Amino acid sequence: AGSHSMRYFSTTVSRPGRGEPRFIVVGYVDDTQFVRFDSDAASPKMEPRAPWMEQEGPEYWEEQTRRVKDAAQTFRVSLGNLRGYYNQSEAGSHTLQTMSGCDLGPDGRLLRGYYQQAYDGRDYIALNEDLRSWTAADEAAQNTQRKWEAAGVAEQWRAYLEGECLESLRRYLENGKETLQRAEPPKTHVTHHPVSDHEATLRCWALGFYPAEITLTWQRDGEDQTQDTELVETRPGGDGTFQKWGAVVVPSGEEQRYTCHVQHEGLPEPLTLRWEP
């Protein structure tokens, strides 16, 4: 865990004739959510979603709410411009998603700053790693790029990403240190369920781990079985941990040929597991 990250993920969805577009933002530090804003809430404001954010004072929340409302207005204008660029109907609903944030290196340096958008689920424009140039997906985004070059948007983001972004992330990492600077290793086990009297499903479990990144692979005599492995998406426990499993269906007499390999930041050594009857 030399690198830690902060991300804001915003989703703006137009609903023409059915009100102004809906705007939702969530903030994460690594794999832990810490804030939200929902434009459809009773009193829309940035709110804490981690107990270690409840010690910020009201002026912090006021500033965060103002920034989010300002961004929301820009995104509503952007949805209108994009519909026109693509010659789309005024009646349809469309989605603008944005991601921003920073990766903080172990020495305190900016490893990477991000600002990128997708339109209707496809990459649209992205701040390049140099925080001074842009990558545009098509001519629509090349037009956005020119308007942003004219307004010095890259330099506004570079200032934030190299400064306040990292300072805020540092503060969160200290305030929520006991949650965020932990590496909870997975509790692992292998189960065995016959599927006929000649074959069995071996399932390798990883439970209760944090952060979410993990590798779980079945090997047969050292050979990767990824093509014959059912591997579910890593999923949240709901308690700040994650879960995953992978399974293979094998001939009963070959069961001891199979090993499950688990790698996770919280593990001293990568794990090699087998069905233990």
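Residue indices: 1-based, along the sequence shown.
A.B. asks: On average, which has the higher Cα B-factor in the deposited entry, 236-244 or 29-37?
C.D. replies: The recorded data point to 236-244.
A.B. asks: Comparing 102-110 with 145-153, which stretch shows the greater average C-alpha B-factor in the deposited entry?
C.D. replies: Looking at the recorded C-alpha B-factors, 145-153 comes out higher on average.
A.B. asks: Out of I214, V250, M53, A42, which shows the largest CA B-factor listed in the entry?
C.D. replies: It is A42.
A.B. asks: When the modelled residues of the chain are sorted by Cα temperature factor, does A159 land in the lowest, middle or highest third?
C.D. replies: It belongs to the highest third of the chain when residues are ordered by C-alpha B-factor.
A.B. asks: Taking the chain's C-alpha temperature factors as the reference, tell me which third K69 falls into: lowest, middle or highest.
C.D. replies: Its C-alpha B-factor, which the entry lists for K69, ranks in the middle third among residues of this chain.
A.B. asks: Going by the recorded CA B-factors, say which third of the chain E59 sits in, lowest, middle or highest.
C.D. replies: Its C-alpha B-factor belongs to the middle third of this chain's values.
A.B. asks: Taking the values exactly as deposited, rank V262 by C-alpha B-factor within its chain and report the matching third: lowest, middle or highest.
C.D. replies: Middle third by C-alpha B-factor.
A.B. asks: Just say lowest, middle or highest third for the CA B-factor of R182 relative to the other modelled residues in its chain.
C.D. replies: It falls in the top third of the chain.
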